[PDB]
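Structure below is model35.txt: compact mmCIF, C-alpha atoms and all ligand atoms.
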```txt
# COMPACT_ATOMS: atom_id res chain seq x y z
CA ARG A 1 -8.45 79.97 -72.50
CA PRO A 2 -8.00 81.67 -69.08
CA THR A 3 -8.05 85.45 -68.81
CA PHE A 4 -4.61 86.95 -68.15
CA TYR A 5 -3.62 90.19 -66.46
CA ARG A 6 -0.37 92.15 -66.59
CA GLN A 7 1.60 93.47 -63.62
CA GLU A 8 5.15 94.81 -63.39
CA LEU A 9 7.08 92.65 -60.92
CA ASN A 10 10.79 91.97 -60.46
CA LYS A 11 11.39 94.73 -63.04
CA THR A 12 9.58 92.89 -65.87
CA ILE A 13 5.96 92.58 -66.99
CA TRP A 14 4.41 89.41 -65.58
CA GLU A 15 1.34 88.01 -67.36
CA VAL A 16 -0.63 85.42 -65.37
CA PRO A 17 -4.13 83.90 -65.27
CA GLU A 18 -6.50 85.77 -62.98
CA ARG A 19 -6.80 82.78 -60.63
CA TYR A 20 -3.36 83.80 -59.30
CA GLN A 21 -3.95 86.85 -57.13
CA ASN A 22 -1.87 89.23 -55.02
CA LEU A 23 1.51 88.61 -56.64
CA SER A 24 4.36 89.70 -54.36
CA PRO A 25 8.07 89.38 -55.19
CA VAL A 26 10.00 86.60 -53.50
CA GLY A 27 13.38 86.96 -55.22
CA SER A 28 15.34 86.68 -58.42
CA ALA A 29 19.47 82.63 -61.92
CA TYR A 30 16.89 80.46 -63.67
CA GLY A 31 14.11 82.96 -63.00
CA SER A 32 12.34 85.29 -60.61
CA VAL A 33 9.76 84.06 -58.11
CA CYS A 34 6.58 85.62 -56.75
CA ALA A 35 4.20 84.39 -54.11
CA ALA A 36 0.52 84.44 -54.98
CA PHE A 37 -2.85 83.12 -53.85
CA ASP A 38 -4.48 80.57 -56.16
CA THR A 39 -8.17 81.39 -55.81
CA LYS A 40 -9.21 78.29 -57.77
CA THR A 41 -7.61 75.90 -55.25
CA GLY A 42 -7.32 78.11 -52.16
CA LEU A 43 -3.56 77.46 -52.06
CA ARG A 44 -0.68 79.82 -51.45
CA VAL A 45 1.55 79.26 -54.47
CA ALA A 46 4.95 80.28 -55.78
CA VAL A 47 5.11 81.34 -59.43
CA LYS A 48 8.47 81.25 -61.23
CA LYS A 49 8.94 83.19 -64.47
CA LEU A 50 11.91 81.60 -66.22
CA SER A 51 14.54 84.10 -67.37
CA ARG A 52 15.71 83.98 -70.99
CA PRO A 53 14.29 80.46 -71.44
CA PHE A 54 15.03 80.21 -75.18
CA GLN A 55 17.94 82.63 -75.61
CA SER A 56 20.28 79.79 -76.57
CA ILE A 57 20.42 76.05 -77.16
CA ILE A 58 21.77 75.70 -73.62
CA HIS A 59 18.92 77.78 -72.15
CA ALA A 60 16.27 76.06 -74.26
CA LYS A 61 17.43 72.54 -73.34
CA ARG A 62 17.63 73.55 -69.67
CA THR A 63 14.06 74.87 -69.81
CA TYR A 64 12.86 71.61 -71.35
CA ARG A 65 14.82 69.57 -68.81
CA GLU A 66 13.31 71.45 -65.87
CA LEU A 67 9.74 71.23 -67.17
CA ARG A 68 10.08 67.52 -67.99
CA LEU A 69 11.46 66.81 -64.51
CA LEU A 70 8.81 68.80 -62.63
CA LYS A 71 6.03 67.26 -64.72
CA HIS A 72 7.24 63.75 -63.88
CA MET A 73 7.65 64.16 -60.10
CA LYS A 74 4.37 63.10 -58.45
CA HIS A 75 5.18 62.15 -54.85
CA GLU A 76 4.32 63.55 -51.41
CA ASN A 77 8.00 64.05 -50.48
CA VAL A 78 9.18 65.59 -53.78
CA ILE A 79 8.41 69.04 -55.15
CA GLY A 80 5.67 68.80 -57.76
CA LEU A 81 4.12 71.01 -60.41
CA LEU A 82 0.74 72.57 -59.65
CA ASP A 83 0.57 74.44 -62.95
CA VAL A 84 2.61 75.59 -65.93
CA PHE A 85 1.40 78.29 -68.28
CA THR A 86 2.31 80.79 -70.98
CA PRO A 87 0.42 83.87 -72.20
CA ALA A 88 1.16 82.77 -75.77
CA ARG A 89 -1.77 81.58 -77.87
CA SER A 90 0.44 79.61 -80.27
CA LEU A 91 3.93 78.22 -80.79
CA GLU A 92 4.82 81.21 -82.98
CA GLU A 93 4.41 83.72 -80.13
CA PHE A 94 5.77 81.39 -77.40
CA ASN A 95 8.51 83.16 -75.42
CA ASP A 96 7.64 82.98 -71.69
CA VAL A 97 7.23 80.03 -69.32
CA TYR A 98 5.74 80.20 -65.81
CA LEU A 99 5.95 77.38 -63.26
CA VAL A 100 3.67 77.06 -60.21
CA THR A 101 4.11 74.99 -57.06
CA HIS A 102 3.14 75.17 -53.40
CA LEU A 103 4.51 78.18 -51.56
CA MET A 104 7.17 76.95 -49.15
CA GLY A 105 8.19 78.99 -46.14
CA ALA A 106 10.93 76.97 -44.47
CA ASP A 107 13.81 74.64 -45.26
CA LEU A 108 15.39 72.08 -42.95
CA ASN A 109 17.93 74.64 -41.69
CA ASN A 110 15.02 76.80 -40.51
CA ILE A 111 13.52 73.84 -38.62
CA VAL A 112 16.80 72.72 -37.00
CA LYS A 113 18.38 76.07 -36.03
CA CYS A 114 21.57 74.31 -34.85
CA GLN A 115 19.60 72.34 -32.24
CA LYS A 116 19.54 68.66 -31.45
CA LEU A 117 16.21 67.22 -32.54
CA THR A 118 14.36 64.52 -30.62
CA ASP A 119 14.96 61.02 -31.92
CA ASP A 120 11.30 60.64 -32.92
CA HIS A 121 11.60 63.89 -34.91
CA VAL A 122 14.78 62.71 -36.66
CA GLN A 123 13.08 59.42 -37.54
CA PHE A 124 10.17 61.27 -39.14
CA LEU A 125 12.33 63.69 -41.14
CA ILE A 126 14.86 61.13 -42.40
CA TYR A 127 12.03 58.70 -43.17
CA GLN A 128 10.41 61.26 -45.48
CA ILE A 129 13.73 62.06 -47.19
CA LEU A 130 14.34 58.37 -47.84
CA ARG A 131 10.74 57.89 -49.02
CA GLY A 132 11.20 60.65 -51.59
CA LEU A 133 14.64 59.34 -52.54
CA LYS A 134 13.29 55.84 -53.18
CA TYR A 135 10.85 57.42 -55.64
CA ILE A 136 13.48 59.64 -57.30
CA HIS A 137 15.98 56.79 -57.57
CA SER A 138 13.33 54.46 -59.04
CA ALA A 139 13.08 56.90 -61.97
CA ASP A 140 16.86 56.48 -62.51
CA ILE A 141 17.46 60.02 -61.26
CA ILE A 142 20.33 61.02 -58.96
CA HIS A 143 19.90 64.24 -56.99
CA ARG A 144 23.69 64.73 -56.52
CA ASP A 145 23.40 67.88 -54.34
CA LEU A 146 21.13 66.91 -51.44
CA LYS A 147 21.43 69.21 -48.43
CA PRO A 148 19.22 70.93 -45.82
CA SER A 149 18.66 74.02 -48.00
CA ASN A 150 17.18 71.68 -50.64
CA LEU A 151 14.64 70.21 -48.18
CA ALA A 152 11.45 72.14 -47.46
CA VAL A 153 9.22 71.47 -44.45
CA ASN A 154 5.70 72.88 -44.10
CA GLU A 155 3.80 73.53 -40.85
CA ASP A 156 2.60 69.90 -40.73
CA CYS A 157 6.27 68.83 -40.84
CA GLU A 158 5.77 67.23 -44.25
CA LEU A 159 9.11 67.35 -46.06
CA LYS A 160 9.69 67.83 -49.79
CA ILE A 161 12.92 67.34 -51.72
CA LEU A 162 13.71 70.33 -53.94
CA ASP A 163 16.25 70.92 -56.68
CA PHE A 164 16.62 74.56 -55.59
CA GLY A 165 16.97 76.70 -52.49
CA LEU A 166 14.36 79.06 -51.09
CA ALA A 167 14.65 82.83 -51.05
CA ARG A 168 16.84 83.98 -48.16
CA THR A 169 28.18 74.42 -49.71
CA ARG A 170 29.96 71.05 -50.00
CA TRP A 171 29.47 69.72 -46.46
CA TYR A 172 26.99 67.05 -47.62
CA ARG A 173 28.61 65.87 -50.87
CA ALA A 174 29.82 62.29 -51.26
CA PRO A 175 33.64 62.00 -51.39
CA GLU A 176 33.64 60.44 -54.87
CA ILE A 177 31.82 63.51 -56.22
CA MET A 178 34.43 65.80 -54.75
CA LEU A 179 37.10 63.71 -56.56
CA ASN A 180 35.27 63.94 -59.94
CA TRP A 181 35.07 60.14 -59.99
CA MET A 182 32.09 59.91 -62.36
CA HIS A 183 30.18 56.59 -62.63
CA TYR A 184 28.14 57.88 -59.71
CA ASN A 185 26.00 55.46 -57.73
CA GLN A 186 22.57 56.56 -56.55
CA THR A 187 24.04 56.12 -53.06
CA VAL A 188 25.81 59.47 -53.42
CA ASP A 189 22.44 60.76 -52.17
CA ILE A 190 22.52 58.28 -49.27
CA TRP A 191 25.86 59.75 -48.17
CA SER A 192 24.14 63.15 -48.07
CA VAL A 193 21.29 61.72 -45.99
CA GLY A 194 23.81 60.35 -43.51
CA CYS A 195 25.41 63.76 -43.15
CA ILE A 196 21.99 65.35 -42.64
CA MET A 197 20.87 62.72 -40.14
CA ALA A 198 24.08 63.09 -38.12
CA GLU A 199 23.51 66.85 -37.99
CA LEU A 200 19.89 66.43 -36.87
CA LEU A 201 21.02 64.18 -34.00
CA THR A 202 24.00 66.25 -32.79
CA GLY A 203 23.04 69.79 -33.78
CA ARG A 204 26.41 70.14 -35.53
CA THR A 205 27.68 69.80 -39.09
CA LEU A 206 29.28 66.38 -39.46
CA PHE A 207 32.00 67.41 -41.95
CA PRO A 208 32.41 71.24 -41.81
CA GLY A 209 35.31 71.51 -44.23
CA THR A 210 36.96 74.87 -44.88
CA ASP A 211 37.81 73.97 -48.50
CA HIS A 212 37.93 70.93 -50.78
CA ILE A 213 40.98 69.20 -49.28
CA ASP A 214 39.86 69.87 -45.70
CA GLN A 215 36.46 68.35 -46.51
CA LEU A 216 38.11 65.08 -47.56
CA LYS A 217 40.47 65.14 -44.56
CA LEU A 218 37.50 65.37 -42.19
CA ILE A 219 35.65 62.57 -43.98
CA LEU A 220 38.62 60.19 -43.82
CA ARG A 221 39.06 60.85 -40.09
CA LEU A 222 35.57 59.46 -39.45
CA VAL A 223 35.24 56.65 -42.03
CA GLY A 224 38.93 55.78 -42.38
CA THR A 225 41.30 55.61 -45.31
CA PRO A 226 40.29 53.20 -48.10
CA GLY A 227 40.50 49.54 -47.14
CA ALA A 228 41.89 46.74 -49.25
CA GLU A 229 38.61 45.88 -51.00
CA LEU A 230 38.04 49.52 -51.99
CA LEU A 231 41.62 49.96 -53.24
CA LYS A 232 41.03 47.07 -55.67
CA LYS A 233 38.35 49.15 -57.40
CA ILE A 234 40.43 52.29 -58.05
CA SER A 235 41.53 52.34 -61.69
CA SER A 236 43.27 55.73 -61.49
CA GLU A 237 47.00 55.14 -61.02
CA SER A 238 47.36 58.69 -59.68
CA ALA A 239 44.58 58.30 -57.10
CA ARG A 240 45.92 54.91 -55.97
CA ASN A 241 49.48 56.10 -55.36
CA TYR A 242 48.36 59.18 -53.43
CA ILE A 243 45.91 57.23 -51.26
CA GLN A 244 48.47 54.61 -50.22
CA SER A 245 51.02 57.35 -49.41
CA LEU A 246 48.71 58.59 -46.64
CA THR A 247 49.11 57.17 -43.16
CA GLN A 248 46.34 54.71 -42.39
CA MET A 249 43.46 56.18 -40.44
CA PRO A 250 41.23 53.52 -38.88
CA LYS A 251 37.49 53.80 -39.19
CA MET A 252 36.11 55.27 -35.98
CA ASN A 253 33.51 53.50 -33.86
CA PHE A 254 30.32 55.44 -34.57
CA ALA A 255 28.93 54.34 -31.19
CA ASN A 256 31.63 56.51 -29.57
CA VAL A 257 31.05 59.41 -31.98
CA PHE A 258 27.27 59.76 -31.63
CA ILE A 259 27.23 59.26 -27.88
CA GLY A 260 23.72 59.03 -26.45
CA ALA A 261 22.03 58.45 -29.80
CA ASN A 262 19.54 55.64 -30.45
CA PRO A 263 21.65 52.52 -31.16
CA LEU A 264 19.48 51.96 -34.24
CA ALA A 265 20.27 55.47 -35.48
CA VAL A 266 23.97 54.69 -35.02
CA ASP A 267 23.60 51.41 -36.93
CA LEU A 268 21.89 53.21 -39.82
CA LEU A 269 24.55 55.93 -39.94
CA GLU A 270 27.19 53.19 -40.11
CA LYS A 271 25.42 51.82 -43.19
CA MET A 272 25.02 55.22 -44.89
CA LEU A 273 28.48 56.70 -44.25
CA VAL A 274 30.56 53.98 -45.90
CA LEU A 275 33.40 55.20 -48.10
CA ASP A 276 32.73 52.53 -50.76
CA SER A 277 29.57 53.63 -52.56
CA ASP A 278 28.83 50.01 -53.49
CA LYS A 279 28.54 49.10 -49.80
CA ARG A 280 26.16 51.92 -48.85
CA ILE A 281 22.58 51.09 -47.96
CA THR A 282 20.00 51.98 -50.59
CA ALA A 283 16.94 54.13 -49.94
CA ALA A 284 14.60 51.14 -50.13
CA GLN A 285 16.83 49.13 -47.79
CA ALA A 286 17.05 52.07 -45.38
CA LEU A 287 13.25 52.37 -45.21
CA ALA A 288 13.10 48.76 -44.00
CA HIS A 289 15.67 49.47 -41.27
CA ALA A 290 14.41 48.99 -37.71
CA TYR A 291 15.08 52.68 -36.95
CA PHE A 292 11.91 53.60 -38.89
CA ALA A 293 9.65 50.90 -37.40
CA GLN A 294 6.98 53.39 -36.31
CA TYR A 295 6.70 55.05 -39.75
CA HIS A 296 7.56 52.33 -42.28
CA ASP A 297 4.73 51.11 -44.49
CA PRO A 298 5.94 48.86 -47.35
CA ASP A 299 2.64 49.47 -49.20
CA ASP A 300 2.87 53.29 -49.09
CA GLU A 301 6.41 53.92 -50.35
CA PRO A 302 5.68 54.15 -54.06
CA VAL A 303 8.04 54.17 -57.02
CA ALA A 304 7.98 56.38 -60.09
CA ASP A 305 6.75 55.72 -63.59
CA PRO A 306 9.62 55.15 -66.04
CA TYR A 307 11.38 58.43 -66.87
CA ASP A 308 12.61 58.87 -70.45
CA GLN A 309 15.85 60.89 -70.27
CA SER A 310 16.98 60.17 -73.85
CA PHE A 311 16.73 63.89 -74.69
CA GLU A 312 19.91 64.46 -72.65
CA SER A 313 21.96 62.85 -75.43
CA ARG A 314 20.41 64.97 -78.20
CA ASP A 315 21.81 68.06 -79.93
CA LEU A 316 18.81 69.94 -81.33
CA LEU A 317 18.10 73.45 -82.59
CA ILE A 318 16.60 76.16 -80.37
CA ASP A 319 13.26 76.10 -82.15
CA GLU A 320 13.15 72.31 -81.67
CA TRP A 321 13.72 72.52 -77.90
CA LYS A 322 11.19 75.37 -77.81
CA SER A 323 8.60 73.31 -79.69
CA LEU A 324 9.11 70.29 -77.42
CA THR A 325 8.75 72.60 -74.41
CA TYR A 326 5.54 74.05 -75.88
CA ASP A 327 4.18 70.51 -76.33
CA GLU A 328 4.81 69.84 -72.63
CA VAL A 329 2.97 73.01 -71.58
CA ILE A 330 -0.03 72.16 -73.78
CA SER A 331 -0.21 68.58 -72.49
CA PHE A 332 0.05 69.43 -68.78
CA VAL A 333 -2.71 67.99 -66.59
CA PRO A 334 -3.05 69.47 -63.08
CA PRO A 335 -2.78 67.05 -60.17
CA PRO A 336 -5.84 66.16 -58.07
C1 LIG B 1 5.73 85.32 -49.53
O1 LIG B 1 6.05 84.41 -48.48
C2 LIG B 1 7.39 84.48 -48.33
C3 LIG B 1 7.95 85.36 -47.41
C4 LIG B 1 9.33 85.44 -47.27
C5 LIG B 1 10.14 84.63 -48.06
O2 LIG B 1 11.49 84.65 -47.98
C6 LIG B 1 12.03 85.80 -48.65
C7 LIG B 1 9.58 83.75 -48.98
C8 LIG B 1 10.42 82.96 -49.75
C9 LIG B 1 9.99 81.51 -49.62
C10 LIG B 1 10.29 80.82 -50.94
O3 LIG B 1 11.35 81.07 -51.52
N1 LIG B 1 9.30 80.01 -51.34
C11 LIG B 1 9.32 79.27 -52.46
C12 LIG B 1 10.29 79.33 -53.46
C13 LIG B 1 10.20 78.52 -54.59
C14 LIG B 1 11.16 78.58 -55.52
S1 LIG B 1 12.72 79.17 -55.15
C15 LIG B 1 13.30 78.89 -56.68
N2 LIG B 1 14.52 79.13 -57.15
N3 LIG B 1 15.47 79.61 -56.25
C16 LIG B 1 15.43 80.91 -56.00
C17 LIG B 1 14.81 81.78 -56.89
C18 LIG B 1 14.77 83.14 -56.61
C19 LIG B 1 15.35 83.63 -55.45
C20 LIG B 1 15.97 82.76 -54.56
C21 LIG B 1 16.01 81.40 -54.83
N4 LIG B 1 12.34 78.36 -57.43
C22 LIG B 1 11.17 78.18 -56.82
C23 LIG B 1 10.19 77.66 -57.58
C24 LIG B 1 10.42 76.47 -58.27
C25 LIG B 1 9.44 75.92 -59.08
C26 LIG B 1 8.22 76.57 -59.23
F1 LIG B 1 7.23 76.03 -60.03
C27 LIG B 1 7.98 77.76 -58.56
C28 LIG B 1 8.97 78.32 -57.75
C29 LIG B 1 9.15 77.61 -54.67
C30 LIG B 1 8.19 77.56 -53.67
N5 LIG B 1 8.30 78.40 -52.57
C31 LIG B 1 8.21 83.68 -49.12
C1 LIG B 2 -11.49 88.51 -57.17
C2 LIG B 2 -10.08 87.92 -57.11
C3 LIG B 2 -9.75 86.92 -58.23
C4 LIG B 2 -10.84 85.84 -58.11
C5 LIG B 2 -10.83 84.58 -58.95
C6 LIG B 2 -10.83 84.71 -60.48
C7 LIG B 2 -11.05 83.25 -60.78
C8 LIG B 2 -11.12 82.83 -62.23
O1 LIG B 2 -11.58 81.49 -62.08
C9 LIG B 2 -12.05 81.18 -63.36
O2 LIG B 2 -12.79 82.30 -63.97
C10 LIG B 2 -13.24 81.91 -65.28
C11 LIG B 2 -14.12 83.02 -65.86
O3 LIG B 2 -15.29 83.14 -65.04
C12 LIG B 2 -14.16 80.72 -65.21
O4 LIG B 2 -14.39 80.35 -66.60
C13 LIG B 2 -13.44 79.57 -64.59
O5 LIG B 2 -14.40 78.53 -64.45
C14 LIG B 2 -13.00 79.97 -63.19
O6 LIG B 2 -12.33 78.86 -62.62
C1 LIG B 3 12.19 68.41 -58.94
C2 LIG B 3 12.84 67.11 -58.46
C3 LIG B 3 13.80 67.34 -57.30
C4 LIG B 3 14.34 65.95 -56.97
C5 LIG B 3 15.13 65.35 -58.14
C6 LIG B 3 16.41 66.12 -58.45
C7 LIG B 3 17.02 65.38 -59.62
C8 LIG B 3 18.36 65.96 -59.98
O1 LIG B 3 18.17 67.32 -60.27
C9 LIG B 3 19.31 68.17 -60.31
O2 LIG B 3 18.79 69.47 -60.36
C10 LIG B 3 19.79 70.47 -60.40
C11 LIG B 3 19.14 71.85 -60.43
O3 LIG B 3 20.16 72.84 -60.47
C12 LIG B 3 20.64 70.26 -61.64
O4 LIG B 3 21.61 71.29 -61.73
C13 LIG B 3 21.31 68.87 -61.59
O5 LIG B 3 22.04 68.69 -62.82
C14 LIG B 3 20.24 67.84 -61.52
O6 LIG B 3 20.75 66.48 -61.48
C1 LIG B 4 40.93 58.82 -50.84
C2 LIG B 4 39.79 58.26 -51.70
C3 LIG B 4 38.51 58.73 -51.03
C4 LIG B 4 37.19 58.43 -51.76
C5 LIG B 4 36.90 56.97 -52.10
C6 LIG B 4 35.48 56.95 -52.70
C7 LIG B 4 34.99 55.57 -53.15
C8 LIG B 4 33.52 55.65 -53.61
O1 LIG B 4 33.12 54.33 -54.00
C9 LIG B 4 33.30 54.08 -55.38
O2 LIG B 4 32.43 54.96 -56.11
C10 LIG B 4 32.58 54.75 -57.52
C11 LIG B 4 31.72 55.76 -58.30
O3 LIG B 4 30.34 55.58 -57.98
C12 LIG B 4 32.22 53.31 -57.89
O4 LIG B 4 32.40 53.12 -59.30
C13 LIG B 4 33.15 52.38 -57.14
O5 LIG B 4 32.85 51.02 -57.45
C14 LIG B 4 32.95 52.63 -55.66
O6 LIG B 4 33.81 51.78 -54.89
```
Can you dump the structure from the file as structure tokens?
Ligand SMILES: COc1ccc(OC)c(CCC(=O)Nc2cc(-c3sc(NNc4ccccc4)nc3-c3ccc(F)cc3)ccn2)c1
Ligand SMILES: CCCCCCCCO[C@@H]1O[C@H](CO)[C@@H](O)[C@H](O)[C@H]1O
Ligand SMILES: CCCCCCCCO[C@@H]1O[C@H](CO)[C@@H](O)[C@H](O)[C@H]1O
Ligand SMILES: CCCCCCCCO[C@@H]1O[C@H](CO)[C@@H](O)[C@H](O)[C@H]1O
Amino acid sequence: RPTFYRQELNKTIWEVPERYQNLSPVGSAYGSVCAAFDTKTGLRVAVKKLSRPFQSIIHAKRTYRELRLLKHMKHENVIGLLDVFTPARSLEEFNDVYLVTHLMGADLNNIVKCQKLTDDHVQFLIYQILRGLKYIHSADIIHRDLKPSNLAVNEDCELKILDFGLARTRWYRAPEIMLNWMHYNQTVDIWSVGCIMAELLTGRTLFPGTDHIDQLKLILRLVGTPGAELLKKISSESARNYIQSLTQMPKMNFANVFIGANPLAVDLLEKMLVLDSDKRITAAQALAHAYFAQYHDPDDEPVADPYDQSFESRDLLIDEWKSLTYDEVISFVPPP
């Protein structure tokens, strides 16, 4: 229906509706990105042209997964889809997929710049992360790689959780992920929030490991070696015997680690940075914590519609994944 124009960008021919003006390259894995001006909405937007979206079953399923996820995320603190389009007029000529979202200019690293933030500022940032995480977790989604480069912040200081980094590490990963534990709790993301929050308060990386083993060494020095109740839950005979062969490190007193911080911030960090994932605070519980008193609104922390992820178990042909992807493009409804 819209009128499309062609322009060579990022060494390929882009073909976009005329509403998207002044395409300029932003960078080029999954695809190449341009910034543009959406004349229909007056928004600066980023347009991603997926690369080789249906070259293989793996590519095709990944394309479907990404479009399904972006179409489902409708929350102020999560990246959302402004538009998705293809120049194709039919399924038969469907080969290219373009995704459109708000143009973001800064991630959390750009806002922090290795500085201590004010406590009020930390409250506001962590509150928004937890608000978005409550939504994501309510859809039975685990982020699994939350970190400052995956958190965008606009000029109003509204934060959005991304599943990508902007155009130009393991320091924020939960310990069970670095041990390939599987059976991951949604609180692997809460661990990451604790690492981020600590960094916002101190201006320093909490666990700046040099490699995988160093990362775990640094974690255990803060939170201690596994206690008795955690050791009961370790089925791996190899993990058990190695853990008990280590000298016991006590859990440090967080009040004497984050000296000068808000005692409520310290209490919340103590509830996020627990080795046992079953004992970590959830996102919804964290939002009710006294630390966020000035921002918490129990009636404006919404949850997601149910999210059907049954396609993850399916082994389909390329043309089937492509057809399901085409259905999702055709059915897309722009947000208000
Ligand atoms: C024109 O003003 C700017 C001036 C300077 C400048 O820095 C060079 C930037 C860059 C800011 C930026 O990168 N902004 C941005 C990116 C995305 C991304 S980044 C990605 N993948 N990662 C990836 C891809 C290629 C290269 C590096 C990293 N995907 C999407 C994305 C995801 C879904 C969509 F629907 C659309 C785009 C989304 C929104 N804003 C801008
Ligand atoms: C001059 C720089 C680009 C300006 C905006 C082009 C906007 C296209 O906008 C679209 O144009 C279509 C054709 O008129 C109309 O049918 C649509 O209603 C209108 O939204
Ligand atoms: C768009 C929604 C962002 C918040 C939800 C992230 C949900 C988990 O999204 C993650 O995205 C990564 C992208 O490389 C994938 O590699 C991971 O497998 C996936 O779990
Ligand atoms: C030296 C061992 C260091 C890491 C101990 C990490 C314990 C994380 O916690 C564990 O996470 C598992 C996976 O979600 C859950 O199934 C367990 O019940 C939970 O206790």
Could you state the separation of CA of residue 132 in chain A and CA of residue 119 in chain A in Å, given to one decimal place? 20.0 Å
Distance atom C7 of ligand LIG 4 (chain B)-CA of residue 164 in chain A, one decimal place? 26.5 Å
Hey, which residues come within 6 Å of ligand LIG 1 (chain B) if we count only C-alpha atoms and all ligand atoms? Could you give them as an NGL selection string? :A and (26-28 or 32-33 or 35 or 46-48 or 81 or 99-105 or 164-168)
Interatomic distance (Å, one decimal) between CA of residue 252 in chain A and atom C2 of ligand LIG 4 (chain B):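 A separation of 16.4 Å between them.
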What are the closest atom pairs, with distances in Å to one decimal, for all residues of chain A lying within 6 Å of ligand LIG 4 (chain B)? Consider all atoms listed in the file, order rows by chain and residue number, and present the result as a Markdown table.
```
| residue | atom | partner | partner_atom | distance |
| --- | --- | --- | --- | --- |
| A:175 | CA | B:LIG4 | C4 | 5.0 |
| A:176 | CA | B:LIG4 | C6 | 4.5 |
| A:181 | CA | B:LIG4 | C11 | 5.8 |
| A:182 | CA | B:LIG4 | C11 | 5.8 |
| A:183 | CA | B:LIG4 | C11 | 4.7 |
| A:184 | CA | B:LIG4 | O3 | 3.6 |
| A:185 | CA | B:LIG4 | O3 | 4.3 |
| A:230 | CA | B:LIG4 | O6 | 5.6 |
| A:233 | CA | B:LIG4 | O5 | 5.8 |
| A:243 | CA | B:LIG4 | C1 | 5.2 |
| A:275 | CA | B:LIG4 | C7 | 5.3 |
| A:276 | CA | B:LIG4 | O1 | 3.7 |
| A:277 | CA | B:LIG4 | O1 | 3.9 |
| A:278 | CA | B:LIG4 | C14 | 5.3 |
```
Could you give me, as a PyMOL selection string, the residues within 7 Å of range 291-299 of chain A, counting only C-alpha atoms and dropping anything in the same chain fewer than 3 positions from it? chain A and resi 123+127+264-265+287-288
List all protein, DNA and RNA residues that have at least one atom no more than 6 Å from any atom of ligand LIG 2 (chain B), counting all atoms listed in the file, and write them as a ChimeraX atom specification. /A:18-19,21,39-40
Expected residue set, 10 Å radius at (16.5, 57.5, -48.5), all atoms listed in the file, as a PyMOL selection string: chain A and resi 126-137+187+189-194+272+281-287
Deliver the residues from the most recent selection as a file, using C-alpha atoms, as a PDB file, keeping the file's coordinate frame.
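Written out: result-v5.pdb:
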```pdb
ATOM      1  CA  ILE A 126      14.860  61.130 -42.400  1.00  0.00           C
ATOM      2  CA  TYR A 127      12.030  58.700 -43.170  1.00  0.00           C
ATOM      3  CA  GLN A 128      10.410  61.260 -45.480  1.00  0.00           C
ATOM      4  CA  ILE A 129      13.730  62.060 -47.190  1.00  0.00           C
ATOM      5  CA  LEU A 130      14.340  58.370 -47.840  1.00  0.00           C
ATOM      6  CA  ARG A 131      10.740  57.890 -49.020  1.00  0.00           C
ATOM      7  CA  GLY A 132      11.200  60.650 -51.590  1.00  0.00           C
ATOM      8  CA  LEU A 133      14.640  59.340 -52.540  1.00  0.00           C
ATOM      9  CA  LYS A 134      13.290  55.840 -53.180  1.00  0.00           C
ATOM     10  CA  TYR A 135      10.850  57.420 -55.640  1.00  0.00           C
ATOM     11  CA  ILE A 136      13.480  59.640 -57.300  1.00  0.00           C
ATOM     12  CA  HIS A 137      15.980  56.790 -57.570  1.00  0.00           C
ATOM     13  CA  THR A 187      24.040  56.120 -53.060  1.00  0.00           C
ATOM     14  CA  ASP A 189      22.440  60.760 -52.170  1.00  0.00           C
ATOM     15  CA  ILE A 190      22.520  58.280 -49.270  1.00  0.00           C
ATOM     16  CA  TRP A 191      25.860  59.750 -48.170  1.00  0.00           C
ATOM     17  CA  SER A 192      24.140  63.150 -48.070  1.00  0.00           C
ATOM     18  CA  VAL A 193      21.290  61.720 -45.990  1.00  0.00           C
ATOM     19  CA  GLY A 194      23.810  60.350 -43.510  1.00  0.00           C
ATOM     20  CA  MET A 272      25.020  55.220 -44.890  1.00  0.00           C
ATOM     21  CA  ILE A 281      22.580  51.090 -47.960  1.00  0.00           C
ATOM     22  CA  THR A 282      20.000  51.980 -50.590  1.00  0.00           C
ATOM     23  CA  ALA A 283      16.940  54.130 -49.940  1.00  0.00           C
ATOM     24  CA  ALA A 284      14.600  51.140 -50.130  1.00  0.00           C
ATOM     25  CA  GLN A 285      16.830  49.130 -47.790  1.00  0.00           C
ATOM     26  CA  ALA A 286      17.050  52.070 -45.380  1.00  0.00           C
ATOM     27  CA  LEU A 287      13.250  52.370 -45.210  1.00  0.00           C
TER      28      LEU A 287
END
```
Would it be fine to have range 76-80 of chain A, with N, CA and C atoms, given as a PDB file, in the first residue's frame?
```pdb
ATOM      1  N   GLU A  76       6.453   0.626  28.732  1.00  0.00           N
ATOM      2  CA  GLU A  76       7.241   1.857  28.673  1.00  0.00           C
ATOM      3  C   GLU A  76       8.732   1.612  28.903  1.00  0.00           C
ATOM      4  N   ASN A  77       9.090   0.561  29.640  1.00  0.00           N
ATOM      5  CA  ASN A  77      10.484   0.308  29.989  1.00  0.00           C
ATOM      6  C   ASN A  77      11.073  -0.876  29.228  1.00  0.00           C
ATOM      7  N   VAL A  78      10.460  -1.258  28.114  1.00  0.00           N
ATOM      8  CA  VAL A  78      10.965  -2.320  27.254  1.00  0.00           C
ATOM      9  C   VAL A  78      10.937  -1.806  25.824  1.00  0.00           C
ATOM     10  N   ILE A  79      11.962  -2.154  25.041  1.00  0.00           N
ATOM     11  CA  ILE A  79      11.965  -1.771  23.637  1.00  0.00           C
ATOM     12  C   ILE A  79      10.732  -2.352  22.954  1.00  0.00           C
ATOM     13  N   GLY A  80      10.097  -1.532  22.115  1.00  0.00           N
ATOM     14  CA  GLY A  80       8.898  -1.933  21.417  1.00  0.00           C
ATOM     15  C   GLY A  80       9.028  -1.665  19.930  1.00  0.00           C
TER      16      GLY A  80
END
```
